[PDB]
């Protein structure tokens, strides 16, 4: 059938950005299940909200069924932006061609895709509401607002969790003082700025505060390689996402003045992919590259061009708000790989017959 590889990420409201195989395993049997030969599916008792294309926007839509099957082979497609999707050969992709007279859209089976073709990718994801967070003493924020998203950006970029201490490592004391101010405003407690052997740090000693961030999904070990974007951020308004993104960039961003691009490099591959979804909530299209640096693999997210970059600014021309985005772009295929080995594949049935997935946001078809 038409299906995708199990490692394909899918954006969901309930679980955040999750591999479709893990979504399947979580929901397998929660509804009316049918097994027919090598195929199986569950009609979900309650649909799961994913994202899809409806009336010119990418919005939350209902997925009613989850499906697991087998395919004899697969097609793996890589694009110029660094998207890489692995799908069954009959999986339908939406392409765009630049012609004599203009732009032509048609559906094309993955097996017929060639380098030079351009597939539909998502530039802008709609939605987002202030997320309610369910509850010595601290105050626990009740909403994920811009202040908490900014603090989360410092913590995810440059911070660690230990059982008794929330730490931020950064040589810019003004940044540490801003994080400390946010700690006082948000949690009612503050920390101390310390000179450590390698870097300055702000240390906040509070087991309840650590527990707060643990509950948000910040890892306590192997954080550099394993952090993920919290599902609460992926459900947040664009202004909250932007506070997080700008805080991250302040910590780790570089600007190439001649390429005109902001670059961040992370050791977390799934973290990098989550950042691309957060950027799409802002209407920013990013590029992704793996880089081998000093004998290790890192993950580079880049933001290029005045249209992208101006959306990060705190001061913006007022039309930037009235100019409503175009939501879909067409991304050039650079490599196609034909994979004869059979494997399990997965699908989700939605009311639009499409959904948003891939390592960076891509329009996929049922």
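Residue numbers count along the first chain shown, from 1.
J.: Does the chain run continuously from residue 135 to residue 136, or are deposited residues unmodelled in between? Answer none, 1 to 3, 4 to 9, or 10 or more.
T.: Gap between residue 135 and residue 136: 4 to 9 unmodelled residues.
J.: Would you determine, from the values in the PDB entry, which of 74 to 82 and 270 to 278 has the greater average C-alpha temperature factor?
T.: Here the higher of the two C-alpha B-factor means belongs to 74 to 82.
J.: Report the stretch with the higher mean CA temperature factor, choosing between 98 to 106 and 209 to 217 on the basis of the entry.
T.: Comparing 98 to 106 with 209 to 217, the higher average CA B-factor belongs to 98 to 106.
J.: Between 242, 114, 124, 197, which one tops the list for Cα B-factor in this entry?
T.: The record points to 197.
J.: With respect to the C-alpha temperature factors reported in the PDB entry, which of 65, 300, 319, 57 ranks highest?
T.: By C-alpha B-factor in the record, 319 ranks first.
J.: In terms of the chain's CA B-factor thirds, is residue 31 lowest, middle or highest?
T.: Highest third.
J.: Split the chain's modelled residues into thirds by Cα B-factor; is residue 324 in the lowest, middle or highest one?
T.: Tercile = highest for this residue's CA B-factor.
J.: Looking at the C-alpha B-factor of residue 259, is it in the lowest, middle or highest third of its chain?
T.: Its C-alpha B-factor belongs to the highest third of this chain's values.
J.: By the recorded C-alpha temperature factor, relative to the other modelled residues in its chain, which third is residue 45 in?
T.: Within its chain, residue 45 is a middle-third residue by C-alpha B-factor, going by the deposited values.
J.: How does residue 187 rank on Cα B-factor within its chain, lowest, middle or highest third?
T.: Highest third of the chain for residue 187's C-alpha B-factor.
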